[PDB]
Amino acid sequence: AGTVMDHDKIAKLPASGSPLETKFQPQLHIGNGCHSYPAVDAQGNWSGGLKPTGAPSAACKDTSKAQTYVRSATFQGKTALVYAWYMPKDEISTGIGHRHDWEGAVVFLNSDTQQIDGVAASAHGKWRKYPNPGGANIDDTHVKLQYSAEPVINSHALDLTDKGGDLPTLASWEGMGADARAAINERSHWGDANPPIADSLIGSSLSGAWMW
Ligand code: NA
Ligand SMILES: [Zn+2]
């Protein structure tokens, strides 16, 4: 059965995003803190995360571990692509912060044109809403997001950016398999972090990210 595993030993999920999910994956620029890590493996092991002491990016800056998740939904007339990233800790300063970090972004597409009608990005419990993003905030089909510490909200958060970002290996909800979905769905694996694609949170990510 799946067990906890060291954050730097858990194997990533292979790429399983659909062509549409891959097309619209936001770029993610790490302004500060951790790079993204695998929260789970194909066998349903889950990351033990990191204690939020030491430097905010210590032990979580290995780019070979990068992962993104996506769960698709069709929602009130739009295709909604709910992306998520896991960082092993969410630390503002040594001892201030949390083990685990789950971030999310919802890309809403027009039913017909598959044009981006809007993107929303997680800001610890709230969704920032970007109707009709463009210009310096999009590169072709990839909206550009920055991850950074936001001490006023006691957490890291996502915002739209003009800086180029990474596109880590993209595992879809549907492609990752049952054991990995179970391991993300188990909310008690994640302390104070909340995976916005888990079964218990997908509905509120959708209604929360809605901007029409
Ligand atoms: Na580009
Ligand atoms: Zn905490």
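In terms of determination method and resolution, the entry is listed under X-ray crystallography at 1.80 Å.

Looking at the PDB entry, the chain carries the name Necrosis-and ethylene-inducing protein, with the source organism given as Moniliophthora perniciosa. Under its PDB record, the entry appears with the title "Crystal structure of Necrosis and Ethylene inducing Protein 2 from the causal agent of cocoa's Witches Broom disease".

**Topic: the coordination of the sodium ion (ligand 1)**
Note on metal geometry: ideal angles are 109.5 degrees for four donors arranged tetrahedrally and 90 or 180 degrees for six donors arranged octahedrally. Protein-derived ligands of the sodium ion (ligand 1) are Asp139 (OD) and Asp139 (OD), with the metal-ligand distances lying across 2.0 to 2.4 Å. Positionally, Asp139 belongs in strand β9 (residues 138–139).

**Some remarks on helix α3 (residues 199–209)**
Within the sequence span of α3, burial applies to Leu201, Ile202, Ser205, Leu206 and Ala209. The arc that holds every buried residue of α3, seen down its axis, measures 145 degrees, which confines them to one face. Contact partners of the buried residues in α3: β4 (68–75), β5 (78–93), β6 (96–110), β7 (116–123) and β8 (126–131).

**Quick notes on the coordination of the zinc ion (ligand 2)**
Distances from the zinc ion (ligand 2) to its protein donors, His98 (ND1) and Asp192 (OD), fall within 1.9 to 2.0 Å. A residue pair is termed long-range when its members are at least 10 positions apart, and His98 in strand β6 and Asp192 in the loop between α2 (178–185) and α3 qualify at 94 residues.

**As for unusual backbone geometry**
You will see that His124, though not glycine, has its phi angle at about 30 degrees, which is positive. Mapping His124 onto the fold places it in the loop between β7 and β8. Relative accessible area serves as the criterion here: at 40%, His124 is assigned to the partly exposed category. In the Ramachandran plot, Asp140 falls in the positive-phi region, its phi being about 60 degrees despite a non-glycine side chain. Its place among the elements puts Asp140 in the loop between β9 and β10 (142–150).

**Some details on the sheet that holds β8**
By definition, the strands of a sheet pair up through backbone hydrogen bonds, in either a parallel or an antiparallel sense. Strands sit in the order β8-β7-β6-β5-β4-β12 across an open sheet of 6 strands; the sheet is mixed. Looking at the sheet topology across the chains shown, the edges are occupied by β8 and β12 (170–172). Neighbour-to-neighbour, the strand axes of the sheet open up by a mean angle of 25 degrees, direction not taken into account. In this structure, β5 lies alongside β6, joined through 14 bridges in antiparallel fashion. By the bridge assignment for β6, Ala84 is matched with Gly104.

**Focus on the nonpolar core**
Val40, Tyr69, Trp102 and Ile184 are the most contacted members of the largest nonpolar core, which totals 56 residues. It is β5 that provides the largest number of residues to this core, a total of 8 residues. The contacts of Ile184, once residues within four sequence positions are left out, are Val40, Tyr69, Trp102, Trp173, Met176, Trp190, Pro195, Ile197 and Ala198.

**Examining the state of the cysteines**
Counted according to the given criterion, the structure contains 1 disulfide. Note that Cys34 is cross-linked by a disulfide to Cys60, the S-S spacing being 2.0 Å. The disulfide joining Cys34 to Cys60 has a torsion of about -75 degrees about its S-S bond and is therefore left-handed. Taken together, the positions of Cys34 in the loop between β2 (27–30) and β3 (46–47) and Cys60 in the loop between β3 and β4 put the pair 26 residues apart, joining distant regions of the chain. Considered together, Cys34 and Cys60 belong to a single accessibility category, that of buried residues.

**Examining the pattern of salt bridges**
Inspection of the entire model under this criterion finds 7 salt bridges. When the shortest N-O distance is used, the salt bridge between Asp199 and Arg71 registers 2.9 Å. Of the two residues, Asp199 is situated in helix α3 and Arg71 in strand β4; the sequence distance between them amounts to 128 residues. The partly exposed category is assigned to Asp199, whose relative accessible area is 47%.

Conventions and cut-offs
- For every chain, the first residue of the written sequence is numbered 1 and the count continues from 1 onward along that sequence, whatever numbering the entry uses; residues with no coordinates are hidden.
- Written order decides the labels, with chains lettered from A and ligands numbered from 1.
- Water and hydrogen atoms were dropped before computing side-chain values, which therefore reflect all heavy atoms in the structure.
- A 2.8 Å cut-off from the metal defines N, O and S donors, relaxed to 3.2 Å for Na, K and Ca; water is not in the atom list, so some sites may appear incomplete.
- Labels follow the DSSP assignment, with helices taken as runs of H or I lasting at least four residues and strands as runs of E lasting at least two, numbered in each case from the N terminus.
- Three exposure classes are used, based on accessible area relative to the maximum for each residue type with a 1.4 Å probe and protein chains only: buried under 20%, partly exposed in between, and exposed over 50%.
- Each direction from the helix axis to a C-beta atom contributes to the arc, which is the arc of those directions.
- The criterion used for residue contact is that any of the two residues' heavy atoms lie within 4.5 Å.
- By this definition, two strands are paired if DSSP reports at least two bridges between them.
- Angular values range over 0 to 180 degrees, each being the angle between N-to-C directions of two axes fitted as lines to C-alpha atoms, with helices fitted over their stretch in contact.
- The set of buried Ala, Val, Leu, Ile, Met, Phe, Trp, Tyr and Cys residues whose side-chain atoms join them within 4.5 Å is what this entry labels a nonpolar core.
- Throughout, a disulfide means two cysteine sulfur atoms within 2.5 Å of one another.
- Counted as salt bridges are all cases of a side-chain nitrogen of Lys or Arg within 4 Å of a carboxyl oxygen of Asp or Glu.

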